[PDB]
A.B. asks: 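Dumping the structure here so I can ask a few things about it.
Chain letters run A, B, ... following the sequence lines, proteins first, then strands; residues in each count from 1.
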There are 2 protein chains.
Amino acid sequence: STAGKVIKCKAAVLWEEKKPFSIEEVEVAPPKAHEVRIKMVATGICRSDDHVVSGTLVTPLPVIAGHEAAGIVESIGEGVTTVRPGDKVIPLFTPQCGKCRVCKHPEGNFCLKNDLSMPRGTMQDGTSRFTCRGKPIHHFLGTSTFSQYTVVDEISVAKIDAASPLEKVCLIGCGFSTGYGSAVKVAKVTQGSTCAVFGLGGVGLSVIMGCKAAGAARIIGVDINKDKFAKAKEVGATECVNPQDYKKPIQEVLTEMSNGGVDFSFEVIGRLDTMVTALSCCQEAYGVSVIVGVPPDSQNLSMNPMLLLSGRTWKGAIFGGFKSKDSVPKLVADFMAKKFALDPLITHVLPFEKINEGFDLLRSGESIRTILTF
Amino acid sequence: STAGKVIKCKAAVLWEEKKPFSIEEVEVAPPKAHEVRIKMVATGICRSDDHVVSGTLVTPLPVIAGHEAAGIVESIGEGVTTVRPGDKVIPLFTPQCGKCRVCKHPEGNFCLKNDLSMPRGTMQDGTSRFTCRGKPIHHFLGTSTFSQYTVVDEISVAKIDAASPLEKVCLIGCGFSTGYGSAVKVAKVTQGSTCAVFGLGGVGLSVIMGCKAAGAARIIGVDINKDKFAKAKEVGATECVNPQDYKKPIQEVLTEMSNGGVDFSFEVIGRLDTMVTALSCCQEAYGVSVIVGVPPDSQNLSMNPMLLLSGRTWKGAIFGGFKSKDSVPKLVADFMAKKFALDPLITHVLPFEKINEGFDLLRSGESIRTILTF
Ligand SMILES: NC(=O)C1=CN([C@@H]2O[C@H](COP(=O)(O)OP(=O)(O)OC[C@H]3O[C@@H](n4cnc5c(N)ncnc54)[C@H](O)[C@@H]3O)[C@@H](O)[C@H]2O)C=CC1
Ligand SMILES: NC(=O)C1=CN([C@@H]2O[C@H](COP(=O)(O)OP(=O)(O)OC[C@H]3O[C@@H](n4cnc5c(N)ncnc54)[C@H](O)[C@@H]3O)[C@@H](O)[C@H]2O)C=CC1
Ligand SMILES: [Zn+2]
Ligand SMILES: [Zn+2]
Ligand SMILES: [Zn+2]
Ligand SMILES: [Zn+2]
């Protein structure tokens, strides 16, 4: 039995920026009060994990990254009521405490207990459950899924259907839900509308899935990598455009294509310039632009506020606007009822031991999602 | 009588930036097809007219400015169906053609026939109806109300109640409707919410009126001129704050006052820095900030898009989001039924001939609205 004991297991540790992950033995402490220890089954490789490597997303190092995963509860600490040993779970990089002003609001989801805004790299109690070579290792977004076992706060875990296929539903822990909700919940895409989606990776494809589900008439995919276009069309894009093919700025191209601007635009890359391009291509009087991508730390964009004065709306969101603990189980149940597909997002499945290879696939442009299996 | 003939009348001509208006004789051509010639009765002095003088708002010179007014139809050109000679009317600085994609959209109000985005200073046909000293004079926003007579396109005029008091309802042509609609229609302020309003001039007072009408529980007025606070409180502000009194930036002050950020914020000044401050002071996960003020021409702001990623919504609007020709008559009807008050906005009355005194009152900070009578 492992309950109540330190577990020694394999994890991918990031010791410093711009280096490969190091796969090595770590010690995982047992869960304290209101904590849950989880045996990982599958974890996705998301661009946000790469942002930690590149220094785009700043978080204390050394760290165990990973935030898009599914696993099985190994043990629970004192006071836990929402999961039990053996339950299938998805860790939540955006928590849902249920008590703060945001959790109580009908349209907020960025719970005040999050570790995103001012990252400490710890459990809620300010300590870490991980050691490696005698040194404490930081957590990442209260999840740390690049490990055979992790410990999370109860407010950062959701119980899901016992029959769920974990090697697929791990994507509901980040990329699918983010993109899909960004369309259906944050933008509230309307039937008949024209949408433009900038960036055709895993999250961008999921935005397209949501735009199509919402009944958009036209969905224009935008990417500098034309190898992404075929899959974008498969999941609903009506047209794709490569900005490098044009002599004019792409906002001008898109405004012309849509006979005066799109209804909804989405920035799903993480570049300041594309955020402003995306806003500019939506119709000046009634367009809505949603920022999904994460830009480099501490950099400001420059924009003319006349773009907003005419009537545009600009907004952003974390995790598709979903309240995480309420929504994740419902999304998994919807998946099981065949309401959306996840297979189009999964291009590679590798053992956890090949994590660095998985990241190379992402960086070279070849993969959408690689799933790592434990 | 005068129908079909050139009218010689007095107008306030702006020959050059940063100079006083010149009150002098102009020739006003008769209306062409689908145009209306109006005898002005009252016009307000709005900060946007002053922006023309200062070069904040760029429009071709020389010009007859003025955009917030009411008058009586003198004659109609061929094909006009929506007004007749003798009708009381308000000119519309934002037109409503009824045919373009914006006019047909349920939310949009920034009609594609506007002269705001790319100002030409002409009638819809590209020509001027004004001459002074033998020289053509530009129009302003298709209205030009600083003249005893003006000519406007039919899509830029609304017929109002025959019993309307024109010296009050001129404010429905700009400042009242703008502020009130920015609250009730653009932001959609909710019952029980906390609002912050930056700028306590006529437009900002009207935002406060709208916030109160929508049932806000707290309305925090923000102005560097503490002489503005008494009237703000009279129309519904619960508290006022002067940024100059604080060592900390006012977004921090307001976030603290509202226990984590306000529900709705409004920028009603026209400064780049306050646009960003107003966005920052709304609650990071669910706050909404509306830009109403007009910024200096062609200048960009700088901001961190993480403000949006957390969940904030940023939007702007012209004319409070109201479809102009549909809305103005209804607003006047509602004023006549005592559904809102305009007197709190009107601090000074002057004859048209004292226009330059009226602008001096605005510039010194002493007035809210001065109404000029012809
Ligand atoms: N807001 C949230 O809650 C979340 C945000 N993220 C962020 O969303 C973004 C997308 O994530 P993934 O889809 O995993 O990334 P990805 O790297 O798989 O996809 C990005 C796509 O953008 C394209 N691209 C790069 N530069 C471009 C340019 N100038 N113009 C057009 N396309 C360009 C790439 O070719 C690529 O296909 C990342 O910034 C990530 O950090 C991810 C999930 C959650
Ligand atoms: N979006 C639209 O359709 C419309 C926009 N406008 C714009 O709305 C703005 C306000 O117009 P009015 O109320 O007529 O102007 P106003 O000049 O009477 O009022 C502006 C207020 O801002 C205050 N102020 C100046 N600097 C400040 C600072 N740093 N912090 C806090 N307060 C500051 C002033 O003391 C003043 O009371 C103008 O920019 C005008 O051009 C006016 C009507 C229509
Ligand atoms: Zn919470
Ligand atoms: Zn992610
Ligand atoms: Zn129109
Ligand atoms: Zn005005």
Side-chain angles (χ1 to χ4, degrees), chain A residues 94 100-112 114 116-117 186 190 258-261 263 267 270-272 275-276 279 283-319 321 323, chain B residues 94 100-112 114 116-117 186 190 258-261 263 267 270-272 274-276 279 283-319 321:
Chain A
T94 303
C100 76
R101 203 164 67 170
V102 176
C103 285
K104 291 170 147 205
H105 192 278
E107 316 294 279
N109 75 332
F110 193 53
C111 176
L112 293 169
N114 80 78
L116 281 72
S117 286
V186 179
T190 52
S258 59
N259 299 292
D263 298 286
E267 199 285 0
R271 292 178 59 88
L272 299 179
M275 292 172 190
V276 182
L279 176 65
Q283 203 288 322
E284 70 179 349
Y286 58 72
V288 175
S289 187
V290 182
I291 304 179
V292 185
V294 168
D297 184 78
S298 297
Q299 297 197 208
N300 281 11
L301 61 74
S302 175
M303 62 85 67
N304 187 326
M306 289 301 318
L307 290 176
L308 298 177
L309 197 69
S310 56
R312 294 184 181 84
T313 302
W314 206 11
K315 73 204 294 184
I318 303 300
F319 196 57
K323 292 178 181 284
Chain B
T94 304
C100 74
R101 203 167 63 173
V102 175
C103 286
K104 297 190 177 293
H105 190 275
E107 307 289 306
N109 79 330
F110 192 55
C111 175
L112 288 170
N114 77 81
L116 284 56
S117 285
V186 181
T190 51
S258 60
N259 299 293
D263 299 286
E267 200 281 6
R271 297 177 55 90
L272 300 178
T274 50
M275 292 173 187
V276 181
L279 176 65
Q283 203 290 322
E284 69 178 356
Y286 57 74
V288 176
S289 186
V290 183
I291 307 181
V292 185
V294 171
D297 183 73
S298 298
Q299 295 187 36
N300 277 16
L301 61 76
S302 167
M303 63 82 74
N304 188 333
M306 286 300 322
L307 293 173
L308 298 176
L309 196 64
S310 52
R312 297 187 179 81
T313 301
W314 207 9
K315 66 204 293 184
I318 301 297
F319 197 58

A.B. asks: Any idea which of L301(A), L307(A), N259(A) has the most non-hydrogen atom pairs under 4.5 angstrom with chain B?
C.D. replies: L301(A)

A.B. asks: Hey, could you give me the CD1/CG distance between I291(B) and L279(B), rounded to the nearest 0.5 Å?
C.D. replies: 8.0 Å

A.B. asks: Which residue out of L112(B), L116(B), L309(B), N304(B) racks up the most heavy-atom pairs below 4.5 Å with chain A?
C.D. replies: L309(B)

A.B. asks: When you measure from the side chain of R312(A) to the backbone N and O of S289(A), does any donor-acceptor pair fall under 3.5 Å?
C.D. replies: no

A.B. asks: Among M306(B), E107(B), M303(B), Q283(B), which residue has the highest count of heavy-atom pairs closer than 4.5 Å to chain A?
C.D. replies: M303(B)

A.B. asks: Using heavy-atom distances under 4.5 Å, tell me whether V290(B) contacts chain A through its side chain, its backbone, both, or neither.
C.D. replies: neither

A.B. asks: Does any backbone or side-chain atom of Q299(A) lie under 4.5 Å from a heavy atom of chain B? Answer side chain, backbone, both or neither.
C.D. replies: backbone

A.B. asks: Specify which of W314(B), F110(B), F319(B) makes the most heavy-atom pairs with chain A at under 4.5 Å.
C.D. replies: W314(B)

A.B. asks: Could you tell me which portion of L272(A) (side chain, backbone, both or neither) has an atom closer than 4.5 angstrom to a non-hydrogen atom of chain B?
C.D. replies: side chain

A.B. asks: Less than 4.5 Å apart, any side-chain heavy atom of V288(A) and any of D263(A)?
C.D. replies: no

A.B. asks: Which atom names give the shortest non-hydrogen contact between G321(A) and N109(A), and what distance separates them?
C.D. replies: C-ND2, 3.3 Å

A.B. asks: Using heavy-atom distances under 4.5 Å, tell me whether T94(A) contacts chain B through its side chain, its backbone, both, or neither.
C.D. replies: neither

A.B. asks: Testing the basics here: between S302(B) and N300(A), what is the closest heavy-atom pair and its distance to 0.1 Å?
C.D. replies: OG-ND2, 3.1 Å

A.B. asks: Spell out, as yes or no, whether a donor-acceptor pair under 3.5 Å connects the side chain of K315(B) to the backbone of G311(A).
C.D. replies: no

A.B. asks: Just so I understand: if I count every heavy-atom pair under 4.5 Å between each of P106(B), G261(B), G287(B), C111(B) and chain A, which residue has the most?
C.D. replies: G261(B)

A.B. asks: Measuring heavy-atom distances to chain B, does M275(A) have an atom under 4.5 Å in its side chain, in its backbone, in both, or in neither?
C.D. replies: side chain

A.B. asks: Who passes side chain to side chain donor-acceptor pair (under 3.5 Å) against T274(B), sequence neighbours left out?
C.D. replies: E267(B)

